[PDB]
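Engineer: mmCIF, C-alpha atoms, file my_file06.cif:
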```cif
data_target
loop_
_atom_site.label_atom_id
_atom_site.label_comp_id
_atom_site.auth_asym_id
_atom_site.auth_seq_id
_atom_site.Cartn_x
_atom_site.Cartn_y
_atom_site.Cartn_z
CA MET J 1 -14.91 2.50 21.40
CA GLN J 2 -14.63 5.59 19.32
CA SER J 3 -14.68 4.05 15.93
CA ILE J 4 -17.76 2.31 14.73
CA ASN J 5 -18.81 1.58 11.14
CA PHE J 6 -22.28 2.35 9.77
CA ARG J 7 -23.55 -1.21 10.20
CA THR J 8 -22.28 -1.34 13.78
CA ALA J 9 -23.71 2.05 14.74
CA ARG J 10 -27.38 1.60 13.85
CA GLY J 11 -27.37 -2.04 14.70
CA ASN J 12 -26.47 -0.96 18.18
CA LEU J 13 -27.47 2.58 18.78
CA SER J 14 -28.93 1.70 22.15
CA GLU J 15 -25.46 0.97 23.48
CA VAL J 16 -24.05 3.71 21.34
CA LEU J 17 -25.79 6.60 23.15
CA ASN J 18 -25.32 4.85 26.56
CA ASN J 19 -21.60 5.21 26.08
CA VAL J 20 -22.00 8.66 24.59
CA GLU J 21 -23.75 9.84 27.68
CA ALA J 22 -20.94 8.36 29.65
CA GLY J 23 -19.41 10.14 27.62
CA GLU J 24 -17.32 8.81 24.77
CA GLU J 25 -16.91 10.59 21.47
CA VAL J 26 -18.03 7.87 19.10
CA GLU J 27 -17.11 8.07 15.41
CA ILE J 28 -19.52 6.61 12.83
CA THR J 29 -17.57 5.81 9.66
CA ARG J 30 -19.12 4.80 6.33
CA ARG J 31 -18.00 3.01 3.24
CA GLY J 32 -16.62 5.79 1.05
CA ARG J 33 -18.25 8.62 3.00
CA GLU J 34 -16.87 11.24 5.39
CA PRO J 35 -16.51 10.22 9.04
CA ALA J 36 -18.88 11.45 11.74
CA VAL J 37 -18.68 11.88 15.51
CA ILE J 38 -21.50 11.27 17.93
CA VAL J 39 -20.83 13.08 21.21
CA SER J 40 -23.25 14.07 23.97
CA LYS J 41 -25.17 17.28 23.18
CA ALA J 42 -24.27 18.67 26.59
CA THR J 43 -20.59 18.50 25.67
CA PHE J 44 -20.54 19.76 22.11
CA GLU J 45 -22.70 22.71 23.17
CA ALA J 46 -19.64 23.53 25.27
CA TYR J 47 -17.09 22.85 22.51
CA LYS J 48 -19.24 25.10 20.37
CA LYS J 49 -19.70 27.64 23.13
CA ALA J 50 -15.94 27.91 23.57
CA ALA J 51 -15.80 29.31 20.03
CA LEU J 52 -15.65 32.77 23.47
CA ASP J 53 -13.31 35.32 21.87
CA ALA J 54 -12.56 37.97 22.77
CA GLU J 55 -15.20 38.89 25.38
#
```
When written as C-alpha cells, how does the structure in this file appear?
Structural biologist:
Amino acid sequence: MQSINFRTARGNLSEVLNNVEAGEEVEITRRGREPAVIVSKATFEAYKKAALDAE
C-alpha cells in the first residue's frame, strides 16, 4: 500500500522497506505535515538521473 500514516510507518518499517525493495512507492503521511514518499534508492537515483537534457 502506498499510503501509510506516521504511526503505521515506523511501527512497521521492517515490512515497509521489504515492499519498497519490491518495489512500491510508499507514502508516509503525518498529522498536519507534508506527505513523504519512500521509494527504493535504486529507483529514485534513476528518476533523478532522468533530470538528462539535452545531452
Engineer: My list of candidates is J:40, J:54, J:9, J:46. Which is closest to residue 22 of chain J when distances are computed with all atoms listed in the file?
Structural biologist: J:40
Engineer: Could you tell me which residues the PyMOL selection byres ((chain J and resi 10-19) around 12) grabs in this file, written as a ChimeraX atom specification?
Structural biologist: /J:1-9,20-30,37-41
Engineer: Around all of segment 10-21 of chain J's listed atoms, make the axis-aligned box with 5 Å on each side and tell me centre and edge lengths in Å to one decimal, as lines of an AutoDock Vina configuration file.
Structural biologist:
```
center_x = -25.3
center_y = 3.9
center_z = 20.8
size_x = 17.3
size_y = 21.9
size_z = 23.8
```
